[PDB]
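To start, the structure itself, in structure tokens.
Number of protein chains: 2
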Amino acid sequence: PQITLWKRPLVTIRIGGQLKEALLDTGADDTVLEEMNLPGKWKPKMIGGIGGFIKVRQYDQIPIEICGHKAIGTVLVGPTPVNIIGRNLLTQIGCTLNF
Amino acid sequence: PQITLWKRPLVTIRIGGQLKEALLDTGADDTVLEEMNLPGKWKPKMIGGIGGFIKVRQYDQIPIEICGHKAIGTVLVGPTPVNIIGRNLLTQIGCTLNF
Ligand SMILES: COc1ccc(S(=O)(=O)N(CC(C)C)C[C@@H](O)[C@H](Cc2ccccc2)NC(=O)[C@@H]2CN(c3cccc(C(F)(F)F)c3)C(=O)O2)cc1
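Quick note, the sequences are listed as chains X and L, same order. In terms of the working numbering, the first sequence opens at residue 19 and continues consecutively. In terms of the working numbering, the second sequence opens at residue 19 and continues consecutively.
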């Protein structure tokens, strides 16, 4: 689809059979989701943001269906203020900016 | 133009006699610029992201050129590591997300 920006670009994602809303976030390098359980091994990681740095859990090769488009990649889980889909998965679903 | 997301969506912006690089950021409600001493009235504000909140100065009706497209609107000035062009101005230059 084409998504305009007068409203937040929130979309439904499917991850582990669960439906969540996430923000399509071109200013985010990485996909970061709020606290949740995911299966498999994870690695402790730290990431920075506008307010400072946080600890997250890094899960690799996680399938997410984002607004009907399939991705498989890295998902960071931690105290993000909102679920964000970053460029690592935006590229997988073929998302571009146009003006 | 079309901007892919393999790398950060940085573009050249102009605010007065200052040329800067800034993210076209669909995940930002508002435009947030690095510390700069703009003329005119402002109001204090807090904005929150990954890691917590920062204190910013809200200036209204500031003209800004984004990739040679004219915009004018609210700009938040504060201790951000990166200049962020948020949705309030992305809409003014005709910016959409497409996939
Ligand atoms: C009301 O208006 C607002 C409110 C919040 C923001 S936001 O910047 O926090 N953020 C909101 C989002 C988390 C829901 C927008 C994100 O797109 C944000 C932009 C940003 C990029 C880089 C630094 C700071 C902010 N992105 C991120 O939070 C992460 C942080 N980040 C990153 C990567 C490497 C290093 C660093 C750091 F600078 F912290 F070292 C940050 C990155 O790629 O995406 C902007 C406008």
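Using N, Cα and C, we set each Cβ at its ideal position, and we do this for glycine too.
- Under the three-state reduction of DSSP output, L41(X) falls in the strand class.
- At least one heavy atom of ligand 1 is found less than 7 Å from the C-beta of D47(X).
- Around the Cβ of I90(X), a 10 Å sphere holds fewer than 16 other Cβ atoms; the residue is exposed.
- When the alpha-carbon of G45(L) is set against those of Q20(L), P81(L) and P27(L), the nearest one is in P27(L).
- Residues of chain X with a Cβ closer than 7 Å to the Cβ of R105(L) are, in chain order, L23.
- Where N106(X) is concerned, the enclosing alpha helix (DSSP H) starts and stops at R105 to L108.
- Chain-ordered listing is empty here: chain L has no CB closer than 8 Å to the CB of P62(X), the nearest sitting near 16 Å.
- Judged by DSSP in its simplified three-state form, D78(X) adopts strand.
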